[PDB]
Student: 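Below is one structure. I have some questions about it.
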Amino acid sequence: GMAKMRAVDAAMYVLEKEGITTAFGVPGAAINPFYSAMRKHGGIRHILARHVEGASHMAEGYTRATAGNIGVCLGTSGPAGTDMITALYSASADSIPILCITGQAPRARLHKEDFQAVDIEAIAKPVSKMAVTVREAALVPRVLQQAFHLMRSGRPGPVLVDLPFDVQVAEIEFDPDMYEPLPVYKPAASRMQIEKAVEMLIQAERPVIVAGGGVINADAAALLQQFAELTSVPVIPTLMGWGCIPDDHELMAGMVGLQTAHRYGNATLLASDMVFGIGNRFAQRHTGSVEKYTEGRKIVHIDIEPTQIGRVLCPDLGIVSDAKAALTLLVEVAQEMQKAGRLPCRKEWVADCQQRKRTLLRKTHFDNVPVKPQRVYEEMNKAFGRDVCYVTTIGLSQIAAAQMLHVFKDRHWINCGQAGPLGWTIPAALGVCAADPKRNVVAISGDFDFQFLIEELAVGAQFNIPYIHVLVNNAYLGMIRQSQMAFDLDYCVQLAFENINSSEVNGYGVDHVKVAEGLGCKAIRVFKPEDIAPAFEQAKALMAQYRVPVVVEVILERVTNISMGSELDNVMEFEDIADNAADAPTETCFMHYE
Amino acid sequence: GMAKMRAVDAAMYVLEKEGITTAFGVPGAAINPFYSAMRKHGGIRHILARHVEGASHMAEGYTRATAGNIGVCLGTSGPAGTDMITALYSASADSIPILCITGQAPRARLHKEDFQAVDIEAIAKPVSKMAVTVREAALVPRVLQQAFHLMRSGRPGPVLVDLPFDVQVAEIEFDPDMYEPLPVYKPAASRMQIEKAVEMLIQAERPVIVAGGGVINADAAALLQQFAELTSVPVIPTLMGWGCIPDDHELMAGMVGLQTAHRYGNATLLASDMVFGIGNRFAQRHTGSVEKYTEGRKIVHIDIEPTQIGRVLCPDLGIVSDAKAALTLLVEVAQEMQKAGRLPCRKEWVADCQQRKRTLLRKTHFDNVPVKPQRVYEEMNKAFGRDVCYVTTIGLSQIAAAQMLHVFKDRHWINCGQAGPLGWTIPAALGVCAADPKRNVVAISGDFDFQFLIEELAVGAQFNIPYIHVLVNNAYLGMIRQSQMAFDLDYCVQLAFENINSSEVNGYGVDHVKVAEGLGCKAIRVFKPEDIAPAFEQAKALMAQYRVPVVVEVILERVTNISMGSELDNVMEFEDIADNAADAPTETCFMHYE
Amino acid sequence: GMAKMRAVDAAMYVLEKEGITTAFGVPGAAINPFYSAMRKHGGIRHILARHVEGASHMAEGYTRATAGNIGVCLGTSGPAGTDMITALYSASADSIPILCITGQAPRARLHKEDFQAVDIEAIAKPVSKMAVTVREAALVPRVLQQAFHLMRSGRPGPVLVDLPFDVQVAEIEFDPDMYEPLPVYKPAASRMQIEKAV
Ligand SMILES: Cc1cc2nc3c(=O)[nH]c(=O)nc-3n(C[C@H](O)[C@H](O)[C@H](O)COP(=O)(O)OP(=O)(O)OC[C@H]3O[C@@H](n4cnc5c(N)ncnc54)[C@H](O)[C@@H]3O)c2cc1C
Ligand SMILES: Cc1cc2nc3c(=O)[nH]c(=O)nc-3n(C[C@H](O)[C@H](O)[C@H](O)COP(=O)(O)OP(=O)(O)OC[C@H]3O[C@@H](n4cnc5c(N)ncnc54)[C@H](O)[C@@H]3O)c2cc1C
Ligand SMILES: Cc1ncc(C[n+]2csc(CCOP(=O)(O)OP(=O)(O)O)c2C)c(N)n1
Ligand SMILES: Cc1ncc(C[n+]2csc(CCOP(=O)(O)OP(=O)(O)O)c2C)c(N)n1
Ligand SMILES: COC1=C(OC)C(=O)C(C)=CC1=O
Ligand SMILES: COC1=C(OC)C(=O)C(C)=CC1=O
Ligand SMILES: COC1=C(OC)C(=O)C(C)=CC1=O
Ligand SMILES: COC1=C(OC)C(=O)C(C)=CC1=O
Ligand SMILES: [Mg+2]
Ligand SMILES: [Mg+2]
Ligand SMILES: [Mg+2]
């Protein structure tokens with residue numbers, strides 16, 4: 001029971017009781033006592049990153065992989081904590097938690113300029129639910145106790161706990177047998193709110209459900225699908241809700257927005273007369289101008305967070321609720337409505353939505369050399385199984401990937417949708433693989449994103465963490481070239497150079513095969529579209545043989561303008577569209593996934 | 001004269017008038033109008049980094065290379081600014097400026113959750129002299145005007161200017177002919193302060209001058225040397241003052257402190273009876289416990305910043321002054337004292353200091369295989385000229401480098417002494433080379449530091465920026481292994497693995513030769529100490545032939561404990577010491593530098 | 001049912017549903033729409049103080065008198081909010097709530113040094129559970145809703161809600177019949193812990 005121990009030793013017991021099994025980090029002097037407590041206790045597997053920013057995005061990928069996970073990022077004082085701010089922001093921005101833990105100078109030296117002492121508490125406050133420097137050894141378990149409550153409760157978000165060196169080694173009395181995690185706070189909608197929501201839905205003639213990341217955050221995907229099935233209401237996932245209903249489900253109507261969106265999704269939204277928003281916010285890249293998004297449409301918004309309702313547009317009905325609590329009641333009420341014969345038939349509207357989905361496509365089957373990126377995603381859809389789990393960040397790489405890939409389960413699209421920090425992809429994919437070694441992880445990056453934290457590939461090598469990284473290389477910051485067209489500009493966005501060690505990259509600059517191999521991984525370069533499929537097959541084999549990350553690099557044409565625009569009804573199609581399966585053969589309507 | 005133009009166009013004129021010629025950055029949508037204004041104006045050379053953190057440390061190296069430089073770091077909204085916090089902290093910590101400029105969401109969307117909008121103003125305030133989101137296009141030139149005043153005035157520090165997209169493109173009237181930079185504020189010591197300081201110095205029997213980074217910040221190195229020469233007072237540079245008097249000068253008595261210090265420096269400090277502090281603070285890694293540092297010693301402290309005086313110890317005389325202003329008066333008064341025959345002769349004390357410098361050494365001439373790191377620095381001292389400019393960060397690599405290398409001019413030790421963020425080295429070295437293409441830049445990194453921002457080597461390749469990067473590889477976070485010995489720990493600090501592409505690295509993990517070559521650079525690996533010197537000669541030749549960075553990787557023995565301790569009189573010597581030149585042949589006392 | 005009304009009218013219904021019956025305050029131009037909403041709605045008795053600090057300590061005493069009470073203090077922009085800081089500190093320090101409502105300059109003028117405009121949200125943050133300038137009229141009922149959850153939950157403490165003039169008078173749709181106070185968060189000890197203490 002009760003025993004004297006260092007505060008960091010008590011921290012290990014608290015972390016174990018809170019369900020922690022894994023951590024990502026970089027040690028240093030100020031945080032060594034915690035690493036000492038970690039070795040003494042056992043039970044936490046540590047993964048050494050090759051940049052603190054890498055440890056922080058591994059923690060994010062780990063949280064995002066499986067409901068209830070909380071990725072832990074560990075580092076020392078000073079610049080370790082400032083290297084975590086981007087992940088804290090990215091996690092806050094998407095409403096998911098990570099636990100960052102930093103060492104700090106001893107308390108009695110905090111406002112001297114002690115070597116590598118920084119006011120991380122002040123720096124991190126804007127991007128966290130709590131950021132605190134612990135000033136008493138006895139408070140170390142209590143601060144972690146409150147941190148876990150906050151990471152799980154309400155709108156989730158991350159916490160940073162900063163530990164002065166003397167506070168870590170100080171002796172306290174602690175009884176692990178008596179430690180208990182705090183209850184989690186989640187408001188639940190009342191039956192009166194839900195019945196009103198269902199009455200309005202029944203009165204709608206052309207409704208859609210917009211299913212957001214809150215559905216996934218709540219672990220409520222099956223209830224979301226069940227509710228749409230009972231009501232026969234087509235579902236539009238936001239980018240953060242993608243996967244909560246399978247992409248080949250008859251009611252999944254595509255995605256909506258200015259960029260990661262389908263032509264049929266935007267058309268179905270503009271044709272609808274109600275948006276039943278569950279666990280979404282209404283993000284600007286999803287809505288365009290809100291006046292157009294809402295024209296002629298009733299709007300329902302269910303959100304766990306009161307100050308998200310009415311933030312960007314006025315709902316006709318706002319309801320504060322956890323999405324699982326709300327969907328449980330939504331299923332119950334809809335079942336009562338169905339037994340009563342009060343749910344309308346929706347065959348025509350569903351058929352109209354399915355007709356747009358069959359016809360309003362974008363071409364992917366390009367035989368061009370140099371390769372067209374949209375062909376890469378067609379080959380990815382064929383190569384990988386229905387259980388594929390994609391990890392990606394930002395770039396034309398990622399935008400077209402969301403337009404053209406398909407996903408069939410929640411937490412199989414792992415994407416930092418609101419903050420999009422370049423370099424996120426490799427560490428996030430490693431964190432997912434650490435969360436679930438059976439998961440079939442495939443990452444997508446453009447060349448610039450791949451370069452930011454390219455050294456994290458050696459983490460996969462050292463720890464034998466296998467996954468496939470698709471690398472689509474245009475030797476450009478392609479997304480930025482495209483947005484510079486508005487200024488008739490093409491300026492400081494090219495990565496090309498004649499590589500003095502590799503004439504075979506033909507002026508594309510960095511040799512990603514040589515870099516990946518030097519970092520202990522396997523790599524294949526593809527120049528022709530017909531070689532993409534064999535390469536993915538070789539990659540699966542090399543992954544099994546060597547158990548390390550395997551990079552498949554596809555050399556792209558330098559310039560491809562991905563479809564996008566400023567309003568739902570203004571998306572410009574630069575590349576060829578399609579109305580036939582031959583040009584877009586991996587749309588779920590034409591292809592059986594696995 | 002007067003003309004309508006975009007606020008970013010006026011920003012270009014202001015930057016030109018303020019002396020800006022170079023910028024480092026990563027563009028994106030929110031900052032595109034500024035890149036557009038940069039292309040239209042000409043006159044700023046942009047260097048594209050391969051991580052925003054890389055652009056930010058390039059800006060630091062550029063500032064640090066030449067007095068009056070201000071490195072500029074450019075990036076977009078959201079995670080670009082959070083990727084700059086580590087450099088802002090590192091620049092603040094050493095009292096040097098950089099100008100960070102971020103794009104931002106349009107004003108009318110600032111507290112909506114606009115895509116990639118973050119409250120960078122709040123996040124950056126703790127690590128900057130000013131961090132402001134500009135809310136009127138007409139204020140853009142005025143905010144830059146105040147930023148340059150603050151970066152130059154008082155205790156220098158960095159500024160972040162955040163630019164909403166609509167503010168950037170808005171039209172203003174601006175007359176570049178009428179723009180004038182603000183006057184710079186620097187307090188100057190009165191003659192009464194300086195005469196009192198010189199009286200106390202004259203009364204001292206065994207004084208030393210501790211010369212800090214403020215001397216270099218003020219561009220006052222020649223006056224510092226002249227004052228020591230007039231008074232015949234030995235000079236101890238802090239790590240940030242290193243180079244303000246040449247290492248082979250008869251009065252340069254070595255460095256002092258817990259780690260980057262000489263055995264003779266610490267002995268001379270403890271034997272002294274006054275510390276005449278000029279432009280130093282008294283950092284904890286320099287003093288140890290202040291009660292021991294000051295025992296039996298009068299203390300003078302001259303600092304430009306009033307709240308630095310008395311911060312960690314009580315001076316007998318504190319003086320607020322710019323170091324150049326103070327040294328100008330110090331030279332004048334000492335000359336008046338010398339004409340009056342009032343300066344004491346100091347032959348015995350100077351001879352006693354020189355005797356410690358001749359005798360209290362650490363061995364570097366090791367023929368061991370695997371190589372001993374101290375041998376690398378001996379070879380570096382012989383290979384490179386007196387004009388060598390070293391760039392380094394932290395690690396046992398850097399600590400022993402400061403113990404064993406030698407420098408002969410100010411701004412030839414470029415080192416982030418207070419914050420030490422791993423990954424700083426490559427971008428900082430590239431920023432120095434951009435500041436001065438004739439400078440003879442040689443960087444030192446351990447393997448972990450080298451890996452953090454390893455992709456920046458491709459910036460050197462794409463832009464043909466030549467320098468030599470010495471890479472001392474123990475496949476360890478060596479500094480952390482050593483500090484873990486206090487906990488009888490060796491845990492999560494090893495980088496080794498059997499590289500499936502390189503049996504020739506013999507279990508050391510990452511193949512830095514293959515990675516450097518894939519990134520477009522040249523690289524040589526050295527296994528035996530006698531091959532170090534030829535490798536540096538090949539490296540100079542490859543640098544001239546290809547004009548790209550050239551990495552020389554020395555494979556070290558896995559474990560070497562570098563000398564260090566907790567007090568000036570407690571530094572533990574783990575490796576062999578030396579009292580003879582044969583074991584330490586590159587001490588300036590035994591070797592003529594160039 | 002749902003109806004068009006100003007944000008401050010919607011605030012009156014929220015305050016009524018949350019049990020408010022009393023307010024202590026000092027009016028001014030920037031909070032006049034709220035006073036107009038009070039007069040139209042009726043059912044909140046206003047006590048006019050002769051110092052804003054006096055209103056803010058009246059609010060405290062009203063809270064402390066009776067379990068479940070939340071004193072409400074009302075002021076205009078600028079110096080009114082800075083006059084409430086001492087009471088926000090006193091209420092925080094004893095773990096009891098008051099609800100402070102200040103008027104504020106319109107959003108389009110928030111960083112333009114407008115007459116009697118101050119960053120009260122920055123000043124009050126150290127002495128409150130929440131201090132927020134409300135930037136959308138539709139958020140007024142929701143900010144008030146979260147404030148009442150915060151003042152009742154956990155360790156209780158005060159809240160400052162700061163209302164730009166244009167936010168107060170803007171029209172919104174709001175259904176009073178659908179408004180519901182949020183559940184109060186209070187952790188409970190398990191039986192194992194209580195048996196150990198006994
Ligand atoms: C280049 C790029 C292009 C993009 N293009 C698009 C596009 O065209 N369309 C698009 O939709 N997105 C797009 N995105 C993503 C976009 O920026 C947003 O990240 C996303 O739309 C937000 O999803 P959401 O509305 O589900 O909100 P989320 O960020 O997922 O959050 C929604 C709400 O969930 C709530 N919540 C949290 N937990 C719970 C719970 N347990 N119960 C209930 N509610 C809960 C939160 O309070 C929050 O308000 C793009 C991103 C990038 C980088
Ligand atoms: C691993 C490691 C080990 C280290 N070991 C040591 C060691 O043993 N010994 C050591 O000394 N350092 C060591 N350092 C460096 C140390 O941490 C500090 O960075 C350094 O000692 C501070 O130098 P300084 O006192 O000159 O202060 P600086 O940081 O250079 O600043 C000194 C003062 O200059 C003032 N100033 C600025 N501009 C002007 C001006 N124009 N005129 C006058 N004053 C001005 C500022 O106000 C400031 O107070 C180490 C660093 C690392 C990473
Ligand atoms: C840290 C950071 N800086 C800048 C950006 C802005 N940004 C978005 S996409 C992009 C270029 C990405 O290029 P690449 O990964 O090669 O993808 P491509 O668009 O070429 O497919 C940039 C700089 C960002 N998201 N994060
Ligand atoms: C971002 C960051 N995280 C952690 C540290 C702490 N730290 C100081 S030295 C070191 C290891 C450096 O290893 P390497 O560069 O290989 O040098 P070696 O000591 O082995 O010569 C670490 C992690 C730091 N300075 N910065
Ligand atoms: C990509 O590197 C860059 C150049 O290289 C050609 C340029 O010419 C310019 C103007 C900007 C730049 O970033
Ligand atoms: C029969 O299965 C199919 C659907 O579901 C009915 C569809 O909605 C579409 C577009 C195609 C299809 O094959
Ligand atoms: C360097 O990677 C690491 C290991 O690998 C052997 C370990 O066994 C442990 C315990 C920590 C770690 O970071
Ligand atoms: C003659 O030159 C020399 C010195 O300066 C006198 C010294 O201080 C030392 C230690 C050696 C030396 O050779
Ligand atoms: Mg690219
Ligand atoms: Mg990197
Ligand atoms: Mg090392």
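The chains referred to below are lettered A, B, ... by the order of the sequence lines, with proteins before strands, and numbering in each begins at 1. Both counts, for ligands and for their atoms, begin at 1 and track the order of listing.
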Student: For A:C416 and A:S90, work out which heavy atoms get closest and say how close.
Tutor: CB-OG, 3.7 Å
Student: Over all heavy atoms of both residues, which pair between A:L258 and A:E567 is shortest? Give the atoms and the distance, please.
Tutor: CD2-N, 3.4 Å
Student: Between B:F448 and ligand 4, which residue portion shows a heavy-atom distance shorter than 4.0 Å: side chain, backbone, both, or neither?
Tutor: both
Student: Can you list the ligand 4 atoms lying under 4.0 Å from a non-hydrogen atom of A:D83?
Tutor: 1 (C)
Student: In terms of atom number and element, which parts of ligand 4 are under 4.0 angstrom from non-hydrogen atoms of B:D449?
Tutor: 15 (O)
Student: Shortest non-hydrogen contact from A:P27 to A:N32?
Tutor: CB-OD1, 4.3 Å
Student: Report the nearest protein non-hydrogen atom to atom 9 (S) of ligand 4: residue, atom name, distance rounded to 0.1 Å.
Tutor: B:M479 SD, 3.4 Å
Student: For ligand 4, which atoms have a heavy atom of B:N474 less than 4.0 angstrom away?
Tutor: 18 (P), 20 (O), 21 (O)
Student: Classify the angle between the aromatic ring planes of A:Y264 and A:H262 as parallel (below 30°), tilted (30 to 60°) or perpendicular (above 60°).
Tutor: parallel
Student: Please find the pair of heavy atoms, one from A:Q193 and one from A:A189, that lie closest to each other, and give the distance.
Tutor: CB-CB, 4.4 Å
Student: Kindly confirm or rule out an N or O of B:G420 lying under 3.5 angstrom from an N or O of ligand 4.
Tutor: yes
Student: State the atoms of ligand 4, each with its element, that fall below the 4.0 Å cut-off from a heavy-atom position in B:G446.
Tutor: 14 (P), 15 (O), 16 (O), 17 (O)
Student: Can you tell me if B:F452 has a non-hydrogen atom under 4.0 Å from ligand 4?
Tutor: yes
Student: Please work out which of the three classes, parallel, tilted or perpendicular, describes the rings of B:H51 and A:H51, given edges at 30° and 60°.
Tutor: parallel
Student: For ligand 4, is any non-hydrogen atom under 4.0 Å from B:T393's backbone (N, CA, C, O), its side chain (CB onward), both, or neither?
Tutor: neither
Student: Pick from A:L224, A:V300, A:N280: which one makes a side-chain contact (heavy atoms from CB on, under 4.5 Å) with A:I209?
Tutor: A:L224
Student: Inspect the contact between A:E305 and A:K129 and indicate whether a charged nitrogen and a carboxylate oxygen are less than 4.0 angstrom apart.
Tutor: no
Student: I'd like to know whether ligand 4 has A:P27 as a neighbour, heavy-atom separation below 4.0 Å.
Tutor: yes
Student: According to the interplanar angle, ranging from 0 to 90°, do the rings of B:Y491 and A:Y35 count as parallel (below 30°), tilted (30 to 60°) or perpendicular (above 60°)?
Tutor: perpendicular
Student: Provide, to 0.1 Å, the distance between atom 11 (C) of ligand 4 and the closest protein heavy atom, together with that atom's residue and name.
Tutor: B:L477 CB, 3.7 Å
Student: I'd like the contact residues of ligand 7, where contact means a heavy atom below 4.0 Å.
Tutor: A:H46, A:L48, A:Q462, A:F463, B:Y491, B:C492, B:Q494
Student: Applying a 4.0 Å heavy-atom criterion (strictly less than), which segment of B:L495 is in contact with ligand 4: side chain, backbone, both, or neither?
Tutor: neither
Student: Within a 6.0 Å radius of atom CZ on A:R155, are there more than 12 heavy atoms belonging to other residues, nucleotides or ligands?
Tutor: yes
Student: Counting only heavy atoms not in A:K40, do more than 12 sit closer than 6.0 Å to its NZ atom?
Tutor: no
Student: Could you give the distance from CD1 (A:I44) to OG1 (A:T21), rounded to the nearest 0.5 Å?
Tutor: 8.0 Å
Student: Can you list the ligand 4 atoms lying under 4.0 Å from a non-hydrogen atom of A:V52?
Tutor: 1 (C), 3 (N)
Student: Just to confirm my output: which protein heavy-atom neighbour is closest to atom 20 (O) of ligand 4, and how far is it?
Tutor: B:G478 N, 2.7 Å
Student: With a 4.0 Å heavy-atom cut-off, what residues sit around ligand 1?
Tutor: A:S95, A:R155, A:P156, A:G212, A:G213, A:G214, A:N217, A:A218, A:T238, A:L239, A:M240, A:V256, A:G257, A:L258, A:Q259, A:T260, A:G279, A:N280, A:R281, A:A283, A:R285, A:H286, A:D303, A:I304, A:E305, A:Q308, A:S321, A:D322, A:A323, A:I394, A:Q398, A:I399, A:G417, A:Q418, A:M479, B:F115
Student: Measure B:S445 to ligand 4 on non-hydrogen atoms and call it side chain, backbone, both or neither using the 4.0 Å cut-off.
Tutor: neither
Student: If the cut-off is 4.0 Å to any non-hydrogen atom of A:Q116, which atoms of ligand 4 fall inside it?
Tutor: 25 (N)
Student: Going by the angle between their ring planes, with limits at 30° and 60°, are A:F227 and A:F276 parallel, tilted or perpendicular?
Tutor: tilted
Student: Between A:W424 and A:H57, how do the two ring planes meet: parallel, tilted or perpendicular, split at 30° and 60°?
Tutor: tilted
Student: Mind listing the closest non-hydrogen atom pair of B:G420 and B:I394 along with its distance?
Tutor: O-CG2, 3.5 Å
Student: Would you indicate which of A:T102, B:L422, B:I562, B:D447 comes nearest to atom 24 (C) of ligand 4 when only heavy atoms are counted?
Tutor: B:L422
Student: Could you identify the single nearest non-hydrogen protein atom to atom 21 (O) of ligand 4 and state the distance to 0.1 Å?
Tutor: B:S397 N, 2.9 Å
Student: Under 4.5 Å between any side-chain heavy atoms of B:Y377 and B:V470, yes or no?
Tutor: no
Student: Give the atom numbers and elements of ligand 4 that come within less than 4.0 Å of a heavy atom of B:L396.
Tutor: 18 (P), 19 (O), 21 (O)
Student: Report the distance from atom CZ of B:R481 to atom CD of B:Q494, rounding to the nearest 0.5 Å.
Tutor: 9.5 Å
Student: Are any of the side-chain heavy atoms of A:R64 and A:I96 separated by less than 4.5 Å?
Tutor: yes
Student: Relative to the heavy atoms of A:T76, which atoms of ligand 4 are at a distance of less than 4.0 Å?
Tutor: 4 (C), 5 (C), 6 (C)
Student: For the residue pair B:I399 and B:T260, what are the closest heavy atoms and their distance?
Tutor: CA-CG2, 4.0 Å
